[PDB]
Amino acid sequence: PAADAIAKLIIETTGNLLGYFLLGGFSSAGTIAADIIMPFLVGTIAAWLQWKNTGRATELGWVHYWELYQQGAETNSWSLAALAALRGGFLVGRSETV
Amino acid sequence: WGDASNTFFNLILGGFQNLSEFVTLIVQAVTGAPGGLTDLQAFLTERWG
Amino acid sequence: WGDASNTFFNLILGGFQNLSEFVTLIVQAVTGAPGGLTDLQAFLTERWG
């Protein structure tokens, strides 16, 4: 959300498009724009966090399962706490003794 | 939005707030008495006479 | 957006990009010497004098 929140996509893109229009960008392509394409890139900019567990790789060895996608309990909180989200994701596939 | 406001109110509109103010400025520049376009026409017509 | 640009710059603004160049055009139309509104007023004051 820090990159493509709906408030950003509306207000900032409308302001940038209005500035480009007033400069004359749509009259002739000479003008240089300033982020008028933000709604086109929704969910693509810094949208993921990938962490490879080096200790787990060392424990497992040459043959191992690669990766797993993990969804948090709160679906819109990883951007608020990246480290907490990654540790919660790594809570899943660990060595288990019972 | 701030950049667009600067462009609109400074580049496109010049230093004038609006066309009415710009009309008043034109009348003041061409005639001593400030006023509207009708005042401009009246002063210029009496000067024509 | 392109149609809006055409409407704004051709219909609403005439053939003028902005108001400053339009002021210069008014000055050039009513006075030989190009310049600002102050130049227009100065030339007209000299003419009336």
# chains A, B, ... in the order shown; residues from 1 in each chain; ligands from 1

$ residues_around --residues "range 26-30 of chain B" --least-positions-apart "2" --cutoff "9 Å" --atoms "only C-alpha atoms" --output "ChimeraX atom specification"
/B:21-24,32-37,39-40,44 /C:23,37-38,40-42,44-45

$ write_last_selection --atoms "N, CA and C atoms" --output "PDB file, in the first residue's frame"
ATOM      1  N   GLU B  21     -10.042  40.432 -13.666  1.00  0.00           N
ATOM      2  CA  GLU B  21      -8.942  41.263 -13.192  1.00  0.00           C
ATOM      3  C   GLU B  21      -8.054  41.702 -14.346  1.00  0.00           C
ATOM      4  N   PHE B  22      -7.809  40.804 -15.301  1.00  0.00           N
ATOM      5  CA  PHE B  22      -7.004  41.170 -16.463  1.00  0.00           C
ATOM      6  C   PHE B  22      -7.699  42.234 -17.309  1.00  0.00           C
ATOM      7  N   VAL B  23      -9.027  42.161 -17.421  1.00  0.00           N
ATOM      8  CA  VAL B  23      -9.785  43.194 -18.124  1.00  0.00           C
ATOM      9  C   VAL B  23      -9.634  44.530 -17.417  1.00  0.00           C
ATOM     10  N   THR B  24      -9.743  44.525 -16.087  1.00  0.00           N
ATOM     11  CA  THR B  24      -9.547  45.759 -15.336  1.00  0.00           C
ATOM     12  C   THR B  24      -8.154  46.324 -15.574  1.00  0.00           C
ATOM     13  N   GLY B  32      -7.169  56.208 -18.111  1.00  0.00           N
ATOM     14  CA  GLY B  32      -6.869  56.599 -16.744  1.00  0.00           C
ATOM     15  C   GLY B  32      -7.858  56.033 -15.742  1.00  0.00           C
ATOM     16  N   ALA B  33      -9.143  56.076 -16.072  1.00  0.00           N
ATOM     17  CA  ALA B  33     -10.180  55.639 -15.146  1.00  0.00           C
ATOM     18  C   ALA B  33     -10.300  54.119 -15.164  1.00  0.00           C
ATOM     19  N   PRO B  34     -10.190  53.453 -14.017  1.00  0.00           N
ATOM     20  CA  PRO B  34     -10.433  52.009 -13.981  1.00  0.00           C
ATOM     21  C   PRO B  34     -11.906  51.696 -14.185  1.00  0.00           C
ATOM     22  N   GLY B  35     -12.165  50.510 -14.711  1.00  0.00           N
ATOM     23  CA  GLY B  35     -13.525  50.094 -14.972  1.00  0.00           C
ATOM     24  C   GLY B  35     -13.550  48.882 -15.883  1.00  0.00           C
ATOM     25  N   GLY B  36     -14.757  48.551 -16.327  1.00  0.00           N
ATOM     26  CA  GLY B  36     -14.969  47.404 -17.179  1.00  0.00           C
ATOM     27  C   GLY B  36     -14.746  47.719 -18.646  1.00  0.00           C
ATOM     28  N   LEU B  37     -15.079  46.733 -19.480  1.00  0.00           N
ATOM     29  CA  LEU B  37     -14.966  46.916 -20.922  1.00  0.00           C
ATOM     30  C   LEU B  37     -15.886  48.023 -21.410  1.00  0.00           C
ATOM     31  N   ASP B  39     -16.616  50.687 -19.648  1.00  0.00           N
ATOM     32  CA  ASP B  39     -15.901  51.909 -19.294  1.00  0.00           C
ATOM     33  C   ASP B  39     -14.790  52.207 -20.292  1.00  0.00           C
ATOM     34  N   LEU B  40     -14.061  51.172 -20.718  1.00  0.00           N
ATOM     35  CA  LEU B  40     -13.039  51.353 -21.745  1.00  0.00           C
ATOM     36  C   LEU B  40     -13.651  51.915 -23.018  1.00  0.00           C
ATOM     37  N   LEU B  44     -12.839  55.615 -24.596  1.00  0.00           N
ATOM     38  CA  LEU B  44     -12.269  55.694 -25.933  1.00  0.00           C
ATOM     39  C   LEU B  44     -13.221  56.379 -26.903  1.00  0.00           C
TER      40      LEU B  44
ATOM     41  N   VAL C  23      -0.983  38.989 -23.692  1.00  0.00           N
ATOM     42  CA  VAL C  23      -0.742  40.379 -23.314  1.00  0.00           C
ATOM     43  C   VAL C  23       0.263  41.012 -24.262  1.00  0.00           C
ATOM     44  N   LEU C  37       2.381  45.142 -20.276  1.00  0.00           N
ATOM     45  CA  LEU C  37       1.258  46.049 -20.075  1.00  0.00           C
ATOM     46  C   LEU C  37       1.736  47.437 -19.674  1.00  0.00           C
ATOM     47  N   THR C  38       2.825  47.513 -18.904  1.00  0.00           N
ATOM     48  CA  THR C  38       3.411  48.806 -18.574  1.00  0.00           C
ATOM     49  C   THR C  38       3.914  49.518 -19.824  1.00  0.00           C
ATOM     50  N   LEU C  40       2.685  49.090 -22.844  1.00  0.00           N
ATOM     51  CA  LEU C  40       1.465  49.530 -23.514  1.00  0.00           C
ATOM     52  C   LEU C  40       0.965  50.840 -22.920  1.00  0.00           C
ATOM     53  N   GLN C  41       0.892  50.902 -21.590  1.00  0.00           N
ATOM     54  CA  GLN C  41       0.416  52.107 -20.921  1.00  0.00           C
ATOM     55  C   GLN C  41       1.329  53.290 -21.206  1.00  0.00           C
ATOM     56  N   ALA C  42       2.644  53.064 -21.213  1.00  0.00           N
ATOM     57  CA  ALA C  42       3.585  54.145 -21.485  1.00  0.00           C
ATOM     58  C   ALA C  42       3.420  54.683 -22.901  1.00  0.00           C
ATOM     59  N   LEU C  44       0.730  54.498 -24.810  1.00  0.00           N
ATOM     60  CA  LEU C  44      -0.550  55.186 -24.924  1.00  0.00           C
ATOM     61  C   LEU C  44      -0.519  56.534 -24.214  1.00  0.00           C
ATOM     62  N   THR C  45       0.180  56.619 -23.079  1.00  0.00           N
ATOM     63  CA  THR C  45       0.314  57.895 -22.384  1.00  0.00           C
ATOM     64  C   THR C  45       1.095  58.894 -23.223  1.00  0.00           C
TER      65      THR C  45
END

$ interface_residues --of "chain A" --to "chain B" --cutoff "12 Å" --atoms "only C-alpha atoms" --output "number ranges by chain"
A: 10-24, 34

$ write_last_selection --atoms "N, CA and C atoms" --output "compact mmCIF listing (two decimals), in the first residue's frame"
# COMPACT_ATOMS: atom_id res chain seq x y z
N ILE A 10 -5.50 7.81 -6.90
CA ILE A 10 -6.45 8.82 -7.33
C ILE A 10 -5.81 10.20 -7.30
N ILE A 11 -5.42 10.67 -6.11
CA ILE A 11 -5.05 12.07 -5.94
C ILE A 11 -3.74 12.37 -6.66
N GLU A 12 -2.70 11.58 -6.41
CA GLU A 12 -1.39 11.93 -6.96
C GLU A 12 -1.37 11.78 -8.47
N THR A 13 -1.99 10.73 -8.99
CA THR A 13 -2.02 10.54 -10.44
C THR A 13 -2.88 11.59 -11.12
N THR A 14 -4.00 11.99 -10.50
CA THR A 14 -4.80 13.06 -11.08
C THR A 14 -4.03 14.37 -11.10
N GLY A 15 -3.31 14.68 -10.02
CA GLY A 15 -2.52 15.90 -10.01
C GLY A 15 -1.40 15.88 -11.04
N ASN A 16 -0.71 14.74 -11.16
CA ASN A 16 0.36 14.63 -12.15
C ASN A 16 -0.18 14.74 -13.57
N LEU A 17 -1.32 14.09 -13.84
CA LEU A 17 -1.92 14.18 -15.16
C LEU A 17 -2.39 15.60 -15.46
N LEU A 18 -2.94 16.29 -14.47
CA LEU A 18 -3.35 17.68 -14.68
C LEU A 18 -2.16 18.57 -14.95
N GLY A 19 -1.05 18.37 -14.22
CA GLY A 19 0.14 19.15 -14.49
C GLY A 19 0.70 18.90 -15.88
N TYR A 20 0.75 17.63 -16.28
CA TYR A 20 1.20 17.28 -17.63
C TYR A 20 0.30 17.90 -18.69
N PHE A 21 -1.01 17.85 -18.47
CA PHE A 21 -1.97 18.44 -19.39
C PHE A 21 -1.79 19.95 -19.50
N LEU A 22 -1.62 20.63 -18.37
CA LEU A 22 -1.44 22.07 -18.40
C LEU A 22 -0.12 22.46 -19.06
N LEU A 23 0.92 21.65 -18.87
CA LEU A 23 2.17 21.89 -19.59
C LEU A 23 2.00 21.65 -21.08
N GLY A 24 1.09 20.76 -21.46
CA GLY A 24 0.81 20.52 -22.86
C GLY A 24 1.31 19.17 -23.33
N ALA A 34 5.71 13.10 -14.97
CA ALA A 34 6.14 12.76 -13.61
C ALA A 34 5.11 11.81 -12.99

$ interface_residues --of "chain C" --to "chain B" --cutoff "6 Å" --atoms "only C-alpha atoms" --output "list in words"
residues 18, 19, 20 and 41 of chain C

$ write_last_selection --atoms "N, CA, C and O atoms" --output "mmCIF file, in the first residue's frame"
data_model
loop_
_atom_site.group_PDB
_atom_site.id
_atom_site.type_symbol
_atom_site.label_atom_id
_atom_site.label_comp_id
_atom_site.auth_asym_id
_atom_site.auth_seq_id
_atom_site.Cartn_x
_atom_site.Cartn_y
_atom_site.Cartn_z
ATOM 1 N N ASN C 18 -0.757 30.879 -23.453
ATOM 2 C CA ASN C 18 -0.966 31.414 -22.117
ATOM 3 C C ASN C 18 -1.509 32.832 -22.223
ATOM 4 O O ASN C 18 -1.821 33.322 -23.311
ATOM 5 N N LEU C 19 -1.625 33.491 -21.069
ATOM 6 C CA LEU C 19 -2.080 34.875 -21.029
ATOM 7 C C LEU C 19 -0.946 35.876 -21.189
ATOM 8 O O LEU C 19 -1.194 36.997 -21.636
ATOM 9 N N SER C 20 0.288 35.504 -20.841
ATOM 10 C CA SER C 20 1.401 36.441 -20.961
ATOM 11 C C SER C 20 1.679 36.781 -22.420
ATOM 12 O O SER C 20 1.802 37.959 -22.786
ATOM 13 N N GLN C 41 0.892 50.902 -21.590
ATOM 14 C CA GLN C 41 0.416 52.107 -20.921
ATOM 15 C C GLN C 41 1.329 53.290 -21.206
ATOM 16 O O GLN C 41 0.853 54.409 -21.418
#

$ residues_around --residues "range 68-74 of chain A" --least-positions-apart "4" --cutoff "9 Å" --atoms "only C-alpha atoms" --output "PyMOL selection string"
chain A and resi 78+85-86+88-90+92-93

$ write_last_selection --atoms "C-alpha atoms" --output "tab-separated table (two decimals), in the first residue's frame"
chain	number	residue	atom	x	y	z
A	78	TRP	CA	3.80	-7.20	6.20
A	85	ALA	CA	5.95	-11.13	8.73
A	86	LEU	CA	9.03	-13.05	7.59
A	88	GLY	CA	5.75	-15.62	11.02
A	89	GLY	CA	6.16	-17.12	7.57
A	90	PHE	CA	9.18	-19.12	8.70
A	92	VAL	CA	5.55	-22.96	9.32
A	93	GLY	CA	8.01	-25.39	7.76

$ select_by_dssp --residues "chain C" --states "helix (DSSP H, G or I)" --output "PyMOL selection string"
chain C and resi 2-12+19-30+37-48

$ atom_distance --atom1 "CA of residue 28 in chain A" --atom2 "CA of residue 4 in chain A"
27.9 Å

$ decode --residues "range 72-85 of chain A" --atoms "N, CA, C and O atoms" --output "compact mmCIF listing (two decimals), in the first residue's frame"
# COMPACT_ATOMS: atom_id res chain seq x y z
N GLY A 72 -0.17 -13.96 5.91
CA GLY A 72 -0.24 -13.65 7.32
C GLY A 72 -1.66 -13.65 7.86
O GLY A 72 -2.64 -13.67 7.12
N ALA A 73 -1.75 -13.64 9.19
CA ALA A 73 -3.06 -13.57 9.84
C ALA A 73 -3.77 -12.27 9.47
O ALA A 73 -4.98 -12.28 9.20
N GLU A 74 -3.05 -11.16 9.47
CA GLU A 74 -3.54 -9.90 8.93
C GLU A 74 -2.93 -9.71 7.55
O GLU A 74 -1.70 -9.65 7.41
N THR A 75 -3.78 -9.61 6.53
CA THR A 75 -3.31 -9.66 5.15
C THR A 75 -2.62 -8.38 4.69
O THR A 75 -2.01 -8.39 3.62
N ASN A 76 -2.70 -7.29 5.45
CA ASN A 76 -2.14 -6.00 5.06
C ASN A 76 -1.22 -5.45 6.14
O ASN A 76 -1.31 -4.29 6.53
N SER A 77 -0.32 -6.29 6.66
CA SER A 77 0.56 -5.89 7.75
C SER A 77 2.04 -6.16 7.50
O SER A 77 2.87 -5.68 8.29
N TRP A 78 2.39 -6.91 6.46
CA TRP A 78 3.80 -7.20 6.20
C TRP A 78 4.57 -5.93 5.90
O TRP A 78 5.74 -5.79 6.30
N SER A 79 3.95 -4.99 5.19
CA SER A 79 4.59 -3.71 4.93
C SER A 79 4.80 -2.92 6.22
O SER A 79 5.74 -2.13 6.31
N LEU A 80 3.94 -3.12 7.21
CA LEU A 80 4.12 -2.46 8.49
C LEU A 80 5.26 -3.09 9.29
O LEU A 80 6.04 -2.38 9.93
N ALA A 81 5.35 -4.42 9.27
CA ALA A 81 6.43 -5.13 9.97
C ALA A 81 6.94 -6.24 9.05
O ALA A 81 6.45 -7.37 9.09
N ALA A 82 7.93 -5.90 8.22
CA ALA A 82 8.54 -6.88 7.33
C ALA A 82 9.17 -8.03 8.11
O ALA A 82 8.94 -9.20 7.79
N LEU A 83 9.98 -7.71 9.12
CA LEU A 83 10.68 -8.75 9.87
C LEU A 83 9.71 -9.68 10.58
O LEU A 83 9.89 -10.91 10.56
N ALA A 84 8.68 -9.12 11.21
CA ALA A 84 7.69 -9.95 11.90
C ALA A 84 6.96 -10.84 10.91
O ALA A 84 6.70 -12.02 11.21
N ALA A 85 6.62 -10.32 9.74
CA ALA A 85 5.95 -11.13 8.73
C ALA A 85 6.83 -12.27 8.25
O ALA A 85 6.36 -13.39 8.07
